[PDB]
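Spelled out from the first residue to the last, the chains are:
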Amino acid sequence: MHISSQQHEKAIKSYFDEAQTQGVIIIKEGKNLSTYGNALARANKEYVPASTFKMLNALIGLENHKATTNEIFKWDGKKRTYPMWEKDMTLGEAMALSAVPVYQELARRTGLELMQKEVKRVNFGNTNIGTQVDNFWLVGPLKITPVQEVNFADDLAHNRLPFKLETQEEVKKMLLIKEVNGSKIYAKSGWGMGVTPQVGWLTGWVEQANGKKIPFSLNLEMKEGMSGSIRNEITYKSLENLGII
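How each quantity is defined
Residues numbered from 1 in each chain as written, not as in the entry; some residues may be left out. Heavy atoms only, no water. Residues with missing side-chain atoms left out of burial classes, pairs and counts. Helix = DSSP H or I, 4+ residues; strand = E, 2+ residues; numbered from the N terminus. Rg over C-alpha atoms; globule rule 2.2 N^0.38 Å. Contact = heavy atoms within 4.5 Å. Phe/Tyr/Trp six-rings, centres within 6.5 Å; stacked < 30°, edge-to-face > 60°. Buried < 20%, exposed > 50% of the residue type's maximum accessible area, 1.4 Å probe, protein only. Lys NZ or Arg CZ within 6 Å of the ring centre and 35° of its normal.

This entry, as listed in the PDB, derives from X-ray crystallography and reports a resolution of 1.5300 Å.

This part is about the overall build of the chain. Within the chain, the secondary structure is distributed over 8 helices and 6 strands. Going from the N terminus to the C terminus, the chain shows its helices and strands as α-β-β-α-α-α-α-α-α-β-β-β-β-α. Taking 245 residues into account, the globule formula puts the C-alpha radius of gyration at 18 Å, and the chain, at 17 Å, falls close to it. Counting only C-alpha atoms and orienting by the principal axes, one finds that the chain spans roughly 55 × 40 × 30 Å. Sequence separation of 24 or more characterises 58% of the internal contacts of the chain that already satisfy a separation of 6 or more.

All right, on to the packing of aromatic side chains then. Applying the stated criterion to the full structure yields 8 aromatic pairs. Seen in terms of ring centroids, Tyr 82 and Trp 85 are 4.7 Å apart; in terms of plane orientation they differ by 75°. Their pairing is edge-to-face. For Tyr 82, a relative accessible area of 38% corresponds to the partly exposed category. A centroid spacing of 5.3 Å and a plane angle of 90° characterise the contact between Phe 124 and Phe 152, whose relative ring orientation is edge-to-face. You can see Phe 124 sitting in the loop between α5 (112–122) and α6 (146–157) and its partner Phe 152 sitting in helix α6, a full 28 residues away along the chain. Neither residue differs from the other here; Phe 124 and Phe 152 are each classed as buried. Aromatic ring contacts, followed pair by pair, group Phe 53, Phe 124, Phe 136, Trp 137 and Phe 152 into a single cluster. In this arrangement the basic side chain of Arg 121 is found over the ring face of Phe 163, its NZ or CZ atom lying 5.2 Å from the centre.

Structure, rendered in structure tokens:
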């Protein structure tokens, strides 16, 4: 339409400035990547994936028969950081709650040798998981850039990753987080607190009413004290600004 690129860029930058943090959002339309936000150089820097790795953990675990989508992972009765984690959950429920204890169990079922082979086969990020199967996506050594995250979201949204179609569809069903008019937003959040500085993610895609899918990845610096909902607020204001939703 009639709004200049200068004005779109200024508006999206201001969403990050108003939240008092530093970040980028990458949007892909077809093969074209557009970078917006207030710290554009973050686009090709590596950060831990944190809870965004649960997308790939779920695909690996389902494809290799380490879980089913209806299996209930029981809470072991020990105290958790968050009360909503102190309950029995399917992978889908654990995805929406970012319940790392469920995904650590799934990683342990997959085990280090298979985990490293699958992460290499999908060529996710720097592809390095090191020697600790239960925390490699949290504290290193696995890292990924925001460009690589939006390209992963593009691959999953279009069923292009090297898994069965059914496996990709099962995991995509776990990622629906919002519906706006007739658009649907599928995405996974992350907040890596085990590194310094802390990293915030929201990576996913918009499925528009006509069926087109527009992948995006938000990446920002988080600080103890911030609200996790700023990730969604920035992302939705940016997508609305560009007329994607």
